[PDB]
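To start, the structure itself, in structure tokens.
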Amino acid sequence: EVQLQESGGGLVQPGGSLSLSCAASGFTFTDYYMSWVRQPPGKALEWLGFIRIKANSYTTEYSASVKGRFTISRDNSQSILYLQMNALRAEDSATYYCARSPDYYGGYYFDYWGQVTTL
Amino acid sequence: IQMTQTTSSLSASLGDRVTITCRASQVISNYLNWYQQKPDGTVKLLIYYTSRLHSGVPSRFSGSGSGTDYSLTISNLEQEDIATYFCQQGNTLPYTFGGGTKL
Amino acid sequence: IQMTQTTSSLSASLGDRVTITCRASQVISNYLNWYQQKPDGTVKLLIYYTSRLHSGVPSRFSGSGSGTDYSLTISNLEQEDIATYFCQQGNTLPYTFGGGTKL
Amino acid sequence: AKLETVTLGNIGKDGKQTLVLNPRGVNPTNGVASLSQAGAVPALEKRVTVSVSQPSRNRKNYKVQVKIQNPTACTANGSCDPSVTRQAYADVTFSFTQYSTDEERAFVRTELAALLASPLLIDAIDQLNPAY
Amino acid sequence: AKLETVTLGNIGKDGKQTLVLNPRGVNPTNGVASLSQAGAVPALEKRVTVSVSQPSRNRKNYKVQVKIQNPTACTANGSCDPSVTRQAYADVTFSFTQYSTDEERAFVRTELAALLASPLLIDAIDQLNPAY
Amino acid sequence: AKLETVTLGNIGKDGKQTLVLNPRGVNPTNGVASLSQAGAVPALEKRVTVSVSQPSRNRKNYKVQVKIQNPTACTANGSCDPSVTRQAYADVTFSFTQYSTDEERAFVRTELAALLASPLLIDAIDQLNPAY
Amino acid sequence: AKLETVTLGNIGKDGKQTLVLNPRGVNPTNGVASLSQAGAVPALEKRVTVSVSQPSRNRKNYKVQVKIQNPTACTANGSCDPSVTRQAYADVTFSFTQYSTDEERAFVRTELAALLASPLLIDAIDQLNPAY
Amino acid sequence: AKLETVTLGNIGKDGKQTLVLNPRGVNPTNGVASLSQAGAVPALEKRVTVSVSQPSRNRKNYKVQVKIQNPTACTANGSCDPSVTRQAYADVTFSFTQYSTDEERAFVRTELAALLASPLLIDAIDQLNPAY
Amino acid sequence: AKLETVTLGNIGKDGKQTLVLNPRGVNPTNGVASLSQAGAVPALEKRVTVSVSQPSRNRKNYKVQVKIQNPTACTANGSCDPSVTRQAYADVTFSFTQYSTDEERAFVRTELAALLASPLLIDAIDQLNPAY
């Protein structure tokens with residue numbers, strides 16, 4: 001009974017910026033890492049980055065494809081993510097998935113998914 | 001880690017079980033996951049510790065394998081079980097995904 | 001401490017925000033207060049730590065400033081907000097008051 | 001690897017408990033990475049400390065070392081806050097050479113992990129009975 | 001605990017190798033039970049020793065200790081018997097007071113066996129690089 | 001300045017607590033002004049002691065020194081009145097020369113006051129985690 | 001705690017100056033994290049050191065220690081490099097037992113940061129005259 | 001900065017081989033950090049060490065130092081273990097004063113990095129020809 | 001190869017300054033070649049020296065060596081000539097054996113050249129932060 005609602009949206013020409021969101025009401029939000037997953041058309045899916053918990057937006061990590069370009073932020077109002085981006089339409093045409101990230105013995109998987117935007 | 005998948009298209013559509021395999025470049029020590037992307041766009045988690053189901057899986061799906069070669073079996077296939085399947089490892093911090101096998 | 005006030009008469013009576021300033025001889029480290037004396041005779045406390053309102057202020061009043069130069073802004077002025085305004089410092093034991101700007 | 005949060009499900013005697021551990025940092029003076037359980041009072045935390053040392057001119061071997069400390073607490077008579085009644089320890093150490101391949105080391109690790117589920121060590125650890 | 005054969009399946013780095021261990025009796029000087037590899041030749045086999053120690057006037061609390069060792073054999077040239085080149089060790093010591101319960105010690109055992117399969121320890125033991 | 005009552009609102013972890021401190025006088029034998037919290041029993045008081053020393057022929061520097069002592073109390077088993085379980089201390093000291101202007105000293109004071117709200121010292125003090 | 005850039009706005013006597021501090025890594029002998037002034041030349045910059053210490057057999061309780069120092073530079077005549085004339089210090093040491101909770105230590109931190117902005121301390125530190 | 005995994009790309013004479021270095025922790029006695037390549041048999045790994053003089057208030061000269069070493073293996077005719085035939089070393093040292101600026105140090109760094117990709121040095125190191 | 005004019009492009013922190021070095025001839029007594037920048041007052045020039053061990057039939061170890069130095073000028077208050085305030089040095093050394101190959105030497109060269117443009121060293125040289 002867990003859904004992901006807020007999108008943001010946008011069709012940003014290259015050289016611009018865009019900020020997105022998700023709404024993750026339930027599952028006691030402040031205890032799980034939050035990742036961003038994108039799928040380019042064709043080949044496969046890509047992984048963007050995650051953000052940690054500690055009752056505070058304090059530390060996040062990103063993949064090497066988008067490092068210094070994208071920023072994510074954990075807003076602890078109730079459940080708000082962010083995907084502030086820069087210089088999009090060069091190879092960033094994808095469908096964007098925010099996913100809750102549990103673990104088992106320290107190994108990260110993604111149990112709840114949600115489609116929000118495309119670019 | 002590069003999760004290579006061999007057959008890239010599974011043609012079976014009725015009856016008997018189907019086998020979809022993955023290969024890792026290194027050894028990943030059973031930290032392999034499985035996913036299902038329906039053409040509506042939704043993505044589901046099925047198996048996370050190579051043999052452990054998610055809470056909404058009717059045990060038609062089952063995984064096995066160790067070392068580098070992992071697998072997933074679908075006994076008694078149905079018409080709602082046709083999608084593209086992705087496997088990905090949870091061992092190392094880049095978390096690369098797999099190619100994809102379309103049912 | 002001498003709380004000097006410059007303009008001594010604020011002529012604006014409608015619309016846009018108004019700025020009323022004070023100056024201290026020394027530095028008083030944000031221990032500056034604001035008051036409102038209506039012509040009926042009552043005196044009200046508005047702001048006490050240069051940015052912190054009293055419990056009956058509708059946030060049309062807002063203060064800022066640091067060091068020696070402090071200020072107060074009144075966005076969306078109304079006909080009940082016309083009085084003489086006094087600023088005074090709470091840093092030092094004599095507690096001198098300011099001159100007064102009449103709206 | 002990198003210090004992340006380690007959840008550990010299916011833990012305990014029956015297998016229906018979990019234990020989450022949060023990173024606490026790496027000590028510079030001795031190179032000991034730490035994980036601990038979330039809680040206010042520091043004395044009531046379940047903590048796991050791991051460190052691997054490299055051969056200097058005195059020891060010549062690689063030395064991996066894990067430690068586990070579990071305290072238990074109780075609210076005694078006439079007292080308000082709890083206090084640590086007793087401790088439960090565990091201490092693993094591995095010693096390898098400079099020519100050991102990763103198959104030998106992974107064999108020793110998975111051999112010890114498979115011994116800790118055998119009924120010999122279940123009866124020797126949980127019930128405190130020697131092997132007879 | 002009855003000393004029997006201990007079969008360990010799905011161990012090693014790939015999760016395919018097995019290990020069958022046969023009992024070697026208790027040592028009456030110090031009470032340490034032993035186990036060795038099926039097959040063998042002596043002084044070339046894989047050994048597992050398990051002891052359980054009781055409190056006395058010298059030591060206050062219980063101590064369960066496991067020492068496993070395994071060597072690497074290199075068949076030399078012009079020789080009919082292989083020799084031991086290098087050896088790999090592991091030894092766990094558990095320490096428990098006289099008031100600890102069953103659930104606590106099973107928790108320590110299960111926590112240790114679950115920590116030996118986390119990528120923190122997979123990357124600390126197989127590759128020899130610490131947590132950063 | 002002159003010893004007055006110091007209220008301190010928006011204190012604590014969330015920012016909705018207050019602490020009022022009443023003057024207790026200046027000690028003649030060492031020049032230490034004191035503030036404390038209102039209460040009957042002296043052992044249960046939160047107290048702040050400040051003193052600035054001037055250069056004699058031995059130290060040559062100005063020395064400002066603040067101390068903060070917070071005890072906590074509990075009513076144990078079989079006891080009626082509470083007693084101090086533990087203490088929480090803080091101790092600041094500033095050392096200046098004879099030629100230091102007031103801008104340098106106010107810079108050091110407001111730099112330390114702005115560091116005590118940064119997330120580095122929030123995680124280093126409240127959570128007891130070193131900077132890593 | 002991740003060592004990042006620390007920006008301190010609205011500090012100084014007038015409340016206008018800022019201060020940007022860059023990390024300088026931990027010192028592996030004693031575990032003291034450091035931070036310095038953006039820009040720089042070395043041995044002329046403003047330094048902030050933060051350490052967190054754990055109890056051992058020598059010390060019973062936790063200790064969080066901050067030492068900040070900043071010098072005053074005077075450009076001499078006929079010289080191309082400024083020299084250090086005088087220096088200003090500050091160092092806070094917090095001491096907490098192993099049973100203290102989060103709210104208590106956040107209270108000590110917030111109490112100290114709130115006391116560094118009272119006119120008692122504004123008149124004790126900026127002007128160097130005690131409380132009478 | 002904190003030690004991380006450094007991926008050096010486009011190395012070799014042709015310019016397509018890469019190197020991926022994992023952290024190995026900081027030696028406490030001298031403050032020297034280490035990075036090393038993945039692969040079994042830890043004696044046959046490529047190593048990089050880095051070492052900066054620790055910042056102090058009274059340091060006249062800062063010194064930075066880097067040591068690359070690369071071993072080559074030989075599986076000898078009649079042995080199980082591969083040994084180290086020969087070592088390629090590189091020792092780089094940088095020496096700056098306390099009044100030096102950031103652009104001087106960056107200029108020396110990028111000057112050396114741009115000299116090592118010039119024909120004067122890819123002729124003198126790859127071919128061992130002196131400049132005449 | 002014969003000494004020529006080496007134009008190093010894209011140096012500096014921003015990456016736009018260049019350096020053009022002219023040959024200065026080979027010292028006969030030790031075989032050390034020199035290059036230096038154009039500009040008046042020869043004492044204020046930037047210098048690079050390079051030195052390879054001379055090839056012989058019985059040489060066990062070849063050694064390559066590079067020394068950058070950069071002076072900074074100060075026109076002092078009360079003098080006509082500018083003097084040298086301070087020196088930035090860099091000493092690079094390479095050490096290979098007689099059985100080493102060309103790809104090993106090229107690999108060590110390009111490894112060092114790719115380390116000097118990595119954040120681990122542009123943080124440790126430009127900012128003088130040790131790796132922790």
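Letters A, B, ... go to the chains of the structure tokens in the order shown; residues in each chain start at 1; ligands are counted from 1 in the same order.
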* Near region 48-63 of chain H, within 8 Å and counting only C-alpha atoms, which residues show up once chain neighbours fewer than 3 positions away are dropped, as an NGL selection string? -> (:G and (27 or 43)) or (:H and (31-36 or 66-69 or 93-98)) or (:I and (124 or 128-131))
Could you write out the selected residues, including N, CA and C atoms, as an mmCIF file, in the first residue's frame?
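Dumped to selection_15.cif:
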```
data_model
loop_
_atom_site.group_PDB
_atom_site.id
_atom_site.type_symbol
_atom_site.label_atom_id
_atom_site.label_comp_id
_atom_site.auth_asym_id
_atom_site.auth_seq_id
_atom_site.Cartn_x
_atom_site.Cartn_y
_atom_site.Cartn_z
ATOM 1 N N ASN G 27 45.214 13.595 11.831
ATOM 2 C CA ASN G 27 46.597 13.299 12.156
ATOM 3 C C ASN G 27 46.663 11.881 12.694
ATOM 4 N N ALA G 43 51.434 28.423 8.048
ATOM 5 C CA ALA G 43 51.973 29.118 9.225
ATOM 6 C C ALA G 43 51.602 30.601 9.254
ATOM 7 N N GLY H 31 52.614 8.416 9.870
ATOM 8 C CA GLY H 31 51.616 9.132 9.104
ATOM 9 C C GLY H 31 51.656 8.917 7.609
ATOM 10 N N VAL H 32 52.059 7.736 7.153
ATOM 11 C CA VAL H 32 52.189 7.439 5.731
ATOM 12 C C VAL H 32 50.971 6.645 5.284
ATOM 13 N N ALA H 33 50.263 7.154 4.285
ATOM 14 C CA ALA H 33 49.091 6.492 3.743
ATOM 15 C C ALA H 33 49.482 5.564 2.606
ATOM 16 N N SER H 34 48.657 4.545 2.377
ATOM 17 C CA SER H 34 48.957 3.501 1.413
ATOM 18 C C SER H 34 47.763 3.226 0.520
ATOM 19 N N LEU H 35 48.050 2.894 -0.733
ATOM 20 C CA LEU H 35 47.051 2.399 -1.662
ATOM 21 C C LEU H 35 47.692 1.258 -2.427
ATOM 22 N N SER H 36 46.875 0.303 -2.842
ATOM 23 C CA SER H 36 47.415 -0.907 -3.434
ATOM 24 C C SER H 36 46.380 -1.506 -4.371
ATOM 25 N N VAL H 66 55.885 10.818 -2.235
ATOM 26 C CA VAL H 66 55.124 9.772 -2.915
ATOM 27 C C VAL H 66 56.097 8.674 -3.329
ATOM 28 N N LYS H 67 55.747 7.417 -3.075
ATOM 29 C CA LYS H 67 56.587 6.288 -3.475
ATOM 30 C C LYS H 67 55.747 5.244 -4.197
ATOM 31 N N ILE H 68 55.962 5.112 -5.493
ATOM 32 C CA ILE H 68 55.417 4.031 -6.302
ATOM 33 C C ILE H 68 56.394 2.866 -6.258
ATOM 34 N N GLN H 69 55.887 1.633 -6.167
ATOM 35 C CA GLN H 69 56.713 0.479 -6.498
ATOM 36 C C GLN H 69 55.884 -0.595 -7.195
ATOM 37 N N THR H 93 59.466 13.716 -4.342
ATOM 38 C CA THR H 93 59.449 14.556 -3.155
ATOM 39 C C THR H 93 59.219 16.015 -3.531
ATOM 40 N N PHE H 94 58.418 16.699 -2.720
ATOM 41 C CA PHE H 94 58.086 18.109 -2.868
ATOM 42 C C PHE H 94 58.453 18.817 -1.577
ATOM 43 N N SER H 95 58.965 20.039 -1.684
ATOM 44 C CA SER H 95 59.454 20.779 -0.522
ATOM 45 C C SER H 95 59.036 22.241 -0.630
ATOM 46 N N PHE H 96 58.186 22.699 0.289
ATOM 47 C CA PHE H 96 57.659 24.056 0.261
ATOM 48 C C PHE H 96 57.894 24.707 1.616
ATOM 49 N N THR H 97 57.875 26.039 1.658
ATOM 50 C CA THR H 97 58.029 26.751 2.919
ATOM 51 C C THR H 97 56.663 27.169 3.448
ATOM 52 N N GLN H 98 56.664 27.791 4.625
ATOM 53 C CA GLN H 98 55.421 28.163 5.291
ATOM 54 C C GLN H 98 54.813 29.440 4.739
ATOM 55 N N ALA I 124 46.638 17.031 -1.716
ATOM 56 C CA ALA I 124 47.735 16.903 -0.771
ATOM 57 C C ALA I 124 48.902 17.826 -1.061
ATOM 58 N N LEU I 128 48.124 20.907 1.061
ATOM 59 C CA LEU I 128 48.973 20.314 2.110
ATOM 60 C C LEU I 128 48.161 19.537 3.145
ATOM 61 N N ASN I 129 47.140 18.810 2.685
ATOM 62 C CA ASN I 129 46.326 17.982 3.566
ATOM 63 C C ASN I 129 46.826 16.554 3.508
ATOM 64 N N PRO I 130 47.156 15.927 4.630
ATOM 65 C CA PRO I 130 47.527 14.514 4.595
ATOM 66 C C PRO I 130 46.313 13.651 4.307
ATOM 67 N N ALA I 131 46.563 12.479 3.736
ATOM 68 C CA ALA I 131 45.497 11.517 3.502
ATOM 69 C C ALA I 131 45.229 10.758 4.794
#
```
* If you run DSSP on this backbone, which residues of chain A come out as strand (DSSP E or B), and could you give them as a ChimeraX atom specification? -> /A:17-18,23,33-39,46-51,60-62,71-72,75,80,83-86,95-101,103-104,107-108,115-118
* **Spatial neighbours of region 31-47 of chain B, 9 Å, only C-alpha atoms, chain gap at least 6 places, as a ChimeraX atom specification** => /A:104,107-115 /B:53-57,61-63,70,72,81-91 /E:119
Generate the output file for the selected residues, C-alpha atoms, as a compact mmCIF listing (two decimals), in the first residue's frame.
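So the final result, stored in selection_9.txt, reads:
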```txt
# COMPACT_ATOMS: atom_id res chain seq x y z
CA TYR A 104 20.39 -7.86 4.11
CA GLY A 107 23.87 -5.78 0.65
CA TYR A 108 21.64 -3.14 -0.92
CA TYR A 109 18.53 -4.02 -2.94
CA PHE A 110 15.47 -1.98 -3.95
CA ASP A 111 12.13 -3.37 -2.81
CA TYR A 112 9.66 -0.55 -3.53
CA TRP A 113 9.81 1.23 -6.89
CA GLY A 114 8.02 4.13 -8.53
CA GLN A 115 7.86 5.86 -11.90
CA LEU B 53 11.39 -13.98 -1.94
CA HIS B 54 9.68 -10.63 -1.49
CA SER B 55 6.38 -10.52 0.41
CA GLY B 56 4.14 -10.49 -2.68
CA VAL B 57 5.61 -13.38 -4.68
CA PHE B 61 9.58 -17.60 -8.92
CA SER B 62 12.61 -19.24 -7.33
CA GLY B 63 16.31 -18.52 -7.55
CA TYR B 70 23.06 -17.40 -10.82
CA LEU B 72 15.88 -17.99 -11.74
CA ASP B 81 4.55 -13.29 -15.92
CA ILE B 82 5.81 -11.82 -19.21
CA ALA B 83 8.21 -8.88 -18.90
CA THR B 84 11.90 -7.99 -19.12
CA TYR B 85 13.99 -9.39 -16.25
CA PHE B 86 17.05 -7.66 -14.80
CA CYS B 87 19.61 -9.02 -12.36
CA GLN B 88 22.00 -6.85 -10.37
CA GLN B 89 24.60 -7.31 -7.67
CA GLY B 90 24.54 -5.71 -4.24
CA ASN B 91 28.09 -6.53 -3.21
CA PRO E 119 30.84 -7.62 2.41
```
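In this model, the gap between CA of residue 22 (chain F) and CA of residue 37 (chain F) comes to 6.2 Å.
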* Proximity to chain D - best of E:71, E:12, E:28, E:23, only C-alpha atoms -> E:12
* Using only C-alpha atoms, select each residue of chain D with any atom at most 9 Å away from an atom of chain A, and give the selection as a PyMOL selection string. => chain D and resi 4-9+22
Prev. selection, N, CA, C and O atoms, output as an mmCIF file, in the first residue's frame:
```cif
data_model
loop_
_atom_site.group_PDB
_atom_site.id
_atom_site.type_symbol
_atom_site.label_atom_id
_atom_site.label_comp_id
_atom_site.auth_asym_id
_atom_site.auth_seq_id
_atom_site.Cartn_x
_atom_site.Cartn_y
_atom_site.Cartn_z
ATOM 1 N N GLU D 4 29.275 0.890 5.837
ATOM 2 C CA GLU D 4 27.865 1.164 5.637
ATOM 3 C C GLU D 4 27.089 0.610 6.823
ATOM 4 O O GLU D 4 27.654 -0.021 7.716
ATOM 5 N N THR D 5 25.783 0.846 6.831
ATOM 6 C CA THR D 5 24.941 0.233 7.845
ATOM 7 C C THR D 5 24.760 -1.238 7.525
ATOM 8 O O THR D 5 24.461 -1.606 6.387
ATOM 9 N N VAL D 6 24.963 -2.079 8.524
ATOM 10 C CA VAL D 6 24.865 -3.521 8.373
ATOM 11 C C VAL D 6 23.622 -3.953 9.123
ATOM 12 O O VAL D 6 23.589 -3.894 10.354
ATOM 13 N N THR D 7 22.576 -4.341 8.409
ATOM 14 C CA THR D 7 21.490 -5.025 9.084
ATOM 15 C C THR D 7 21.823 -6.507 9.092
ATOM 16 O O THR D 7 22.610 -6.987 8.278
ATOM 17 N N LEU D 8 21.308 -7.210 10.088
ATOM 18 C CA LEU D 8 21.545 -8.643 10.218
ATOM 19 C C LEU D 8 20.222 -9.243 10.667
ATOM 20 O O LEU D 8 19.887 -9.188 11.851
ATOM 21 N N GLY D 9 19.466 -9.763 9.718
ATOM 22 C CA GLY D 9 18.222 -10.423 10.031
ATOM 23 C C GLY D 9 18.417 -11.901 10.241
ATOM 24 O O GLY D 9 19.488 -12.424 9.938
ATOM 25 N N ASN D 22 25.234 0.879 12.737
ATOM 26 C CA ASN D 22 25.586 2.165 12.163
ATOM 27 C C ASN D 22 27.080 2.419 12.287
ATOM 28 O O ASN D 22 27.694 2.018 13.280
#
```
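The closest residue to residue 95 (chain B), picked from A:28, A:48, A:84, A:11 and counting only C-alpha atoms, is A:48.
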* To do: Enter the distance from CA of residue 114 (chain F) to CA of residue 22 (chain C), in Å, rounded to one decimal.
  =>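 Computing it gives 26.1 Å between the two atoms.
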Output as a Markdown table one row per residue of chain H within 8 Å of chain E: the closest atom pair and its distance in Å to one decimal place, counting only C-alpha atoms, sorted by chain and residue number ascending.
```
| residue | atom | partner | partner_atom | distance |
| --- | --- | --- | --- | --- |
| H:3 | CA | E:132 | CA | 7.0 |
| H:4 | CA | E:132 | CA | 7.2 |
| H:22 | CA | E:129 | CA | 7.5 |
| H:23 | CA | E:129 | CA | 7.0 |
| H:24 | CA | E:129 | CA | 5.6 |
| H:25 | CA | E:130 | CA | 6.9 |
| H:38 | CA | E:127 | CA | 7.2 |
| H:39 | CA | E:127 | CA | 7.6 |
| H:40 | CA | E:127 | CA | 7.3 |
| H:42 | CA | E:128 | CA | 7.9 |
| H:78 | CA | E:77 | CA | 6.8 |
| H:79 | CA | E:76 | CA | 7.2 |
| H:80 | CA | E:74 | CA | 6.2 |
```
* Name the residues in contact with residue 11 (chain C) at a cut-off of 10 Å, using only C-alpha atoms, excluding same-chain residues fewer than 4 positions from it; report them as a list in words. => residues 7, 18, 101, 102 and 103 of chain C
Write the residues of the preceding selection, restricted to N, CA and C atoms, as a PDB file, in the first residue's frame.
```
ATOM      1  N   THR C   7      16.152  60.137  10.747  1.00  0.00           N
ATOM      2  CA  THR C   7      15.164  60.849   9.941  1.00  0.00           C
ATOM      3  C   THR C   7      14.153  61.626  10.784  1.00  0.00           C
ATOM      4  N   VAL C  18       8.288  50.433   4.946  1.00  0.00           N
ATOM      5  CA  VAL C  18       8.981  51.596   5.474  1.00  0.00           C
ATOM      6  C   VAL C  18      10.153  51.112   6.316  1.00  0.00           C
ATOM      7  N   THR C 101      10.645  58.253  16.247  1.00  0.00           N
ATOM      8  CA  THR C 101      10.237  58.603  14.891  1.00  0.00           C
ATOM      9  C   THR C 101       8.721  58.526  14.804  1.00  0.00           C
ATOM     10  N   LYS C 102       8.092  59.642  14.447  1.00  0.00           N
ATOM     11  CA  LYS C 102       6.640  59.752  14.417  1.00  0.00           C
ATOM     12  C   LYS C 102       6.125  59.452  13.015  1.00  0.00           C
ATOM     13  N   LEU C 103       5.230  58.476  12.919  1.00  0.00           N
ATOM     14  CA  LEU C 103       4.662  58.064  11.640  1.00  0.00           C
ATOM     15  C   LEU C 103       3.674  59.092  11.110  1.00  0.00           C
TER      16      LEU C 103
END
```
* CA of residue 51 (chain A) and CA of residue 31 (chain A), how far apart in Å? ->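 Result for CA of residue 31 (chain A) versus CA of residue 51 (chain A): 11.1 Å, one decimal.
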* Asked: Skipping near chain neighbours, those fewer than 5 positions away, what residues fall within 6 Å of residue 3 (chain B) using only C-alpha atoms, listed as a count of residues only?
  -> 3
* **Contact residues (chain E, partner chain B, 12 Å, only C-alpha atoms) as a list in words** => residues 10, 11, 12, 13, 14, 15, 16, 17, 116, 117, 118, 119, 120, 121, 122, 123 and 126 of chain E
Could the residues in this selection be written to a file with N, CA and C atoms, as a PDB file, in the first residue's frame?
```
ATOM      1  N   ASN E  10      28.808 -26.244   0.642  1.00  0.00           N
ATOM      2  CA  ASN E  10      28.705 -24.905   0.054  1.00  0.00           C
ATOM      3  C   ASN E  10      29.619 -23.905   0.755  1.00  0.00           C
ATOM      4  N   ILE E  11      30.878 -24.292   0.931  1.00  0.00           N
ATOM      5  CA  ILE E  11      31.863 -23.384   1.501  1.00  0.00           C
ATOM      6  C   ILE E  11      32.906 -23.077   0.441  1.00  0.00           C
ATOM      7  N   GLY E  12      33.850 -22.212   0.770  1.00  0.00           N
ATOM      8  CA  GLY E  12      34.776 -21.713  -0.222  1.00  0.00           C
ATOM      9  C   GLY E  12      34.277 -20.440  -0.860  1.00  0.00           C
ATOM     10  N   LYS E  13      35.124 -19.892  -1.732  1.00  0.00           N
ATOM     11  CA  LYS E  13      34.826 -18.611  -2.362  1.00  0.00           C
ATOM     12  C   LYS E  13      33.700 -18.741  -3.377  1.00  0.00           C
ATOM     13  N   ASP E  14      33.666 -19.853  -4.103  1.00  0.00           N
ATOM     14  CA  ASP E  14      32.640 -20.091  -5.102  1.00  0.00           C
ATOM     15  C   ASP E  14      31.376 -20.722  -4.536  1.00  0.00           C
ATOM     16  N   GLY E  15      31.422 -21.250  -3.317  1.00  0.00           N
ATOM     17  CA  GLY E  15      30.257 -21.894  -2.748  1.00  0.00           C
ATOM     18  C   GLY E  15      29.961 -23.255  -3.326  1.00  0.00           C
ATOM     19  N   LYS E  16      30.991 -24.018  -3.682  1.00  0.00           N
ATOM     20  CA  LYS E  16      30.821 -25.344  -4.254  1.00  0.00           C
ATOM     21  C   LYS E  16      31.534 -26.436  -3.480  1.00  0.00           C
ATOM     22  N   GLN E  17      32.696 -26.147  -2.903  1.00  0.00           N
ATOM     23  CA  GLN E  17      33.484 -27.149  -2.202  1.00  0.00           C
ATOM     24  C   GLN E  17      32.796 -27.589  -0.918  1.00  0.00           C
ATOM     25  N   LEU E 116      30.362 -13.006   9.551  1.00  0.00           N
ATOM     26  CA  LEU E 116      31.351 -13.533   8.597  1.00  0.00           C
ATOM     27  C   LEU E 116      30.812 -13.658   7.160  1.00  0.00           C
ATOM     28  N   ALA E 117      29.624 -13.171   6.789  1.00  0.00           N
ATOM     29  CA  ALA E 117      29.139 -13.237   5.417  1.00  0.00           C
ATOM     30  C   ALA E 117      28.745 -11.873   4.861  1.00  0.00           C
ATOM     31  N   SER E 118      29.041 -10.787   5.564  1.00  0.00           N
ATOM     32  CA  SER E 118      28.830  -9.415   5.138  1.00  0.00           C
ATOM     33  C   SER E 118      29.988  -8.954   4.263  1.00  0.00           C
ATOM     34  N   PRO E 119      29.747  -8.054   3.297  1.00  0.00           N
ATOM     35  CA  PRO E 119      30.839  -7.619   2.411  1.00  0.00           C
ATOM     36  C   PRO E 119      31.914  -6.817   3.109  1.00  0.00           C
ATOM     37  N   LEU E 120      31.627  -6.289   4.296  1.00  0.00           N
ATOM     38  CA  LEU E 120      32.662  -5.739   5.155  1.00  0.00           C
ATOM     39  C   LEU E 120      33.707  -6.798   5.488  1.00  0.00           C
ATOM     40  N   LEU E 121      33.263  -7.985   5.901  1.00  0.00           N
ATOM     41  CA  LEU E 121      34.230  -9.033   6.205  1.00  0.00           C
ATOM     42  C   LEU E 121      34.701  -9.787   4.969  1.00  0.00           C
ATOM     43  N   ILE E 122      33.866  -9.882   3.929  1.00  0.00           N
ATOM     44  CA  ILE E 122      34.299 -10.481   2.666  1.00  0.00           C
ATOM     45  C   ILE E 122      35.429  -9.667   2.057  1.00  0.00           C
ATOM     46  N   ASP E 123      35.366  -8.348   2.183  1.00  0.00           N
ATOM     47  CA  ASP E 123      36.460  -7.505   1.734  1.00  0.00           C
ATOM     48  C   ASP E 123      37.548  -7.305   2.778  1.00  0.00           C
ATOM     49  N   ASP E 126      39.130 -11.752   2.419  1.00  0.00           N
ATOM     50  CA  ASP E 126      39.536 -12.325   1.136  1.00  0.00           C
ATOM     51  C   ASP E 126      40.602 -11.468   0.472  1.00  0.00           C
TER      52      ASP E 126
END
```
* For each of A:87, A:55, A:116, A:94, take the minimum atom-to-atom distance to residue 23 (chain A), counting only C-alpha atoms, then give the residue where this is smallest. => A:116
* **Who sits within 6 Å of residue 86 (chain A), only C-alpha atoms, same chain under 2 positions skipped, as an NGL selection string** => :A and (17 or 69 or 88)
* Backbone DSSP call of alpha helix (DSSP H) for chain G, listed as a list in words -> residues 102, 103, 104, 105, 106, 107, 108, 109, 110, 111, 112, 113, 114, 115, 119, 120, 121, 122, 123, 124 and 125 of chain G
* Select, from A:38, A:43, A:100, A:67, the residue with the minimum atom-to-atom distance to chain B, counting only C-alpha atoms. =>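 When distances to chain B are compared using only C-alpha atoms, the smallest one comes from A:43.
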